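Encoded as structure tokens, the structure appears first; notes follow it.
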Amino acid sequence: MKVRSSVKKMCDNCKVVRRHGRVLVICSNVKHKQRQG
Amino acid sequence: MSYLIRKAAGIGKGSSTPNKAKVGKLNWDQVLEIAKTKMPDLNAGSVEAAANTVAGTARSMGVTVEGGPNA
Amino acid sequence: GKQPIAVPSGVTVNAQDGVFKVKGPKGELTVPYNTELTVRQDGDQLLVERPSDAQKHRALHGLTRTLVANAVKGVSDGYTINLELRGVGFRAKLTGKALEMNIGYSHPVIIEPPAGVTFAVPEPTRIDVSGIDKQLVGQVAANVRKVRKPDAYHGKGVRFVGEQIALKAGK
Amino acid sequence: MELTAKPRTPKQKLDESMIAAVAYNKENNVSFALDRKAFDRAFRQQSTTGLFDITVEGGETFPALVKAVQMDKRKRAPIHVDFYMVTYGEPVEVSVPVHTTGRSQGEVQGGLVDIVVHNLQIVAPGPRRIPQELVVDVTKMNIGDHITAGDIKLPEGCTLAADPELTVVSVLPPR
Amino acid sequence: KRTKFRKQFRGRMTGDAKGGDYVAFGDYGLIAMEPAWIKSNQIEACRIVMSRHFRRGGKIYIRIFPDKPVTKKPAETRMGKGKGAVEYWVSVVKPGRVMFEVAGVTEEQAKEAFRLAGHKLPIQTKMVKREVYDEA
RNA sequence: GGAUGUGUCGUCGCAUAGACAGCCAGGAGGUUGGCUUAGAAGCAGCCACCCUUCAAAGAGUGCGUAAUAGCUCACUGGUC
RNA sequence: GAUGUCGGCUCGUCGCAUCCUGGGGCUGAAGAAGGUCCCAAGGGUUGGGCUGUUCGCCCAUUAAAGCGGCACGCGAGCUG
Ligand SMILES: [Mg+2]
Ligand SMILES: [Mg+2]
């Protein structure tokens, strides 16, 4: 859980799927996890 | 192949930058003896496929091209 | 895009009203769907037809299609999930229809299946979850995989029969 | 390129995809209004070293070369165009894009090709005899080499409107 | 940064860019979309960002310069006179004004160095290219 | 600052001479490019990005071990 | 033609930007011990030495010894 108020691409593996009113991420590497709340 | 280039021109180390300052230069007949020692590894065709392939390693190291095609 | 729906042998589809009831040999399934999205037989096989071609309908199109494609598969082929137990002394038995697992927890874990799903154990390190409804089968085998998820150090716990597990290693 | 109306009040065109225009010589300096989209696709190709005919809605064909353009500051978008009517025999001073050919022998060691003059003003060229570009070879150039105007090969009949000791292309050192 | 010789103090007022072309000196530029006061330190911050990205060479044109002096409140009061000569120098930037322009770098190389420099600026910016030959 | 939220106009391009995505097979040899260094071998940093074989393979993208290997992409073919 | 002012005590209640407990994600997370971020205000949050002290330093403990609002909460309630 690394809450970065700006969820942008880092590598060619990142996936931006819209959920419960937020900008989330479901990347391959476990460290790469980004959320806005 | 670094063994053959360093002993043909007389290079001890090489070159950090092959653009600003240069090292040496080698002839066309000495490219043939590299093609006769390193022959069971290359899948290259005729003489034209070994005279240029060997000459390409000289560019990175710091050894200038001698003769070649045209005129 | 999604359009063809193969309906083999003893199929009894009755897409009448909002109750798109699909009967068959393995058991009689019932599933509700959208009314504004058209569905019936227009040949030998099956097809779901969407009126609007904007955005809201295209999502519901591929949804309704795959859902009856899963209910039809269920009434003839059926469904079976194959789970594998991994780790020292990790073993599963059976107490009636109930799955009795022993997975490194002080008191053994018992799971009772819902009305329509069945548990099976060939070798006691392999669990088979077979049922009629792919959702319910997914939702159940889901709970068994949750009893002990494969840890990121020794892959210990419940995994799918052919599942791949990446490993970290600390020491 | 096809023009349409010509009123003094631009209220009619402003709301639509149209750009105000003007064409002059010394005998006719009429009012104009053409298409934004059509002008752009064409101008992006042509510029000051090219021309196209403008046929106003009434069947009147005239050849004109672009003299100056004025765009919005807050937007990138052009908002007005000044066309200059072509004679046929003798024209004016034209701004020609200076270009580069071949990798320099100065850009190797740690240099870079600095095109000091992006567009060159050239005296007495000839109409429809206007060169669409101005290619300058740079392979001869080392670090500290300045190519002046009176060192550039112009295409037949053309002369130079700028000083011959003025730097147009230079090879620049690192850092 | 600061200016060499001057007057000491100034004022404040705004309206759309007066003297900022599009393609002078460089190939790609960085244009303001909002009015602001560019602090000496924000330019320096942008410069170093670009200079680092374009390691060796030096082809950065900073078309804006901080010339406006701004003042300050010693700590309290108002029961005294006009104040703080030496607070900070500023460049009055209005939308359209080319702040920076780069040369001898690719579209992609420039896209980034400007994307980086943008994050250090107190206003919204736009990256641009050629086709502006107004008066020379 | 961030976002495959939906609505509408536009600007480049690859495309039934069969694309973008999934799927089976392959992915060079010089060469462990040189230099730099305790090593630096496609991947801690400079210069270049030249050559062969060809249906095709960049002295090379992200991960990896201490450098190797490994695991895949850029590029090529088959079925849709 | 008066809105008593620091600190103590007494009595409370509220916010959460959570000190402890509760649930989670990442970890350079083997385990044990942690770091960091997310959700979480239900209850809980010790006794002394020094100073008018708020604070702070110290002793001895602790699951913890949270931060702030309420006229820097509270003198027609007490101290002084
Ligand atoms: Mg007082
Ligand atoms: Mg009172």
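Positions of Cβ are generated from backbone atoms using ideal geometry, with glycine treated the same way; all protein chains shown enter the neighbour counts. Readers should treat all values here as calculations from the given coordinates under stated rules, not as data from a laboratory.
Model label points for E:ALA85 and E:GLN124, set 7 angstrom from Cα along the Cα-to-Cβ axis, are 4.1 nm apart.
So in chain D, what percent of DSSP beta bridges are antiparallel if you round to the nearest 5? Don't skip to the end; give the middle numbers.
Details: 29 of 38 bridges.
So the antiparallel bridges amount to about 75 percent of the total.
What the pair-distance distribution of the range E:18-136 shows, using all Cα-Cα distances binned every 10 Å from zero, is 13, 41, 27, 11, 6, 1 percent. Of the residues E:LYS73, E:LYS39, E:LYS94, which exhibits the maximal mean-square fluctuation in a Gaussian network model of chain E defined by a 10 Å Cα contact cut-off? Top of the fluctuation ranking is E:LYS73.
Give me the mean projected area, in nm² to one decimal, of the convex hull enclosing the Cα positions of the range D:70-175. Numbers along the way, then the final one.
Numbers: hull surface 36.7 nm².
Spelled out: convex hull of the Cα atoms, projected over all directions, averaged, 9.2 nm².
With r as the distance between the Cβ atoms of B:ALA49 and C:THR66 and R0 = 51 Å, compute the FRET efficiency 1/(1 + (r/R0)^6) and round to 0.05. After rounding, the FRET efficiency stands at 0.35. Could you tell me what % of all Cα pairs in chain C have separations over 22 Å? That tail contains 55 percent of the Cα-Cα pairs.
Panel values: the range D:1-135, Kirkwood radius from alpha carbon pairs, Stokes-Einstein at 10 °C and 1.306 mPa s, translational diffusion coefficient 94 µm²/s. Once divided by 2.2 N^0.38 Å, the Cα radius of gyration of the range C:79-171 becomes 1.08. Remark: for residue pairs C:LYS21/C:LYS149; D:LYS73/E:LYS1; C:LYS2/C:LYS97; A:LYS15/E:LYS94; D:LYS6/D:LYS75; A:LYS31/C:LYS73, the C-alpha separation exceeds 30 Å in C:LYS21/C:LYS149; C:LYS2/C:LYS97; A:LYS15/E:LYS94; A:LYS31/C:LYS73.
What the Cα convex hull of the range E:41-98 gives, in volume per residue, is 121 Å³.
Tell me, what is a quarter of the convex hull surface for the C-alpha atoms of the protein assembly as shown, in nm² with one decimal?
So the mean shadow area of the Cα hull is 55.2 nm².
Applying 1/(1 + (r/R0)^6) with r as the Cβ-Cβ distance of C:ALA6 and E:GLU107 and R0 = 51 angstrom yields a FRET efficiency of 0.50. Taking only the C-alpha atoms of the range C:1-78, Rg followed by Dmax gives 12.2, 38 Å. With Cα atoms defining each centre, chain A and the range B:13-55 are spaced 51 Å apart in the structure. Values of log10 I(q)/I(0) for chain B across q = 0.18, 0.19, 0.22 Å⁻¹ run -0.71, -0.78, -1.00, by the Debye formula with one identical scatterer at each alpha carbon and no solvent. For the range E:42-118 versus the range C:9-78, the inter-centroid distance based on Cα atoms is 63 Å. Axis angle, to the nearest 10 degrees, between helix C:134-146 and the longest C-alpha principal axis of chain C: 20 degrees. Once the C-beta distance of D:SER31 and C:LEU167 is scaled by a Förster radius of 60 Å, the resulting FRET efficiency is 0.15 to the nearest 0.05. Angle of helix E:107-119 to the longest C-alpha principal axis of chain E, folded into 0 to 90 degrees and rounded to 10: 20°.
Would you kindly calculate the mean projected area, averaged across all directions, of the convex hull enclosing the Cα atoms of the range E:1-53, in square nanometres?
Details: hull surface 22.5 nm².
With every direction weighted equally, the projected area is 5.6 nm².
Summarising the label geometry, the points placed 7 Å from Cα in the beta-carbon direction at A:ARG18 and C:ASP44 lie 4.2 nm from one another. List the residues of the range B:1-38 whose backbone N lies under 17 Å from a point placed 7 Å from the Cα of D:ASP145 along the Cα-to-Cβ direction. Within reach of a label on D:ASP145, which here means backbone N under 17 Å from a point 7 Å along Cα→Cβ, the range B:1-38 contributes B:19-21. Seen against the Cα atoms of chain D and their longest principal axis, helix D:36-46 is set at about 30 degrees. Net charge in the neighbourhood of D:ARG175 (other residues with Cβ under 11 Å of its Cβ; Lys, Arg +1, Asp, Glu -1) is +3.
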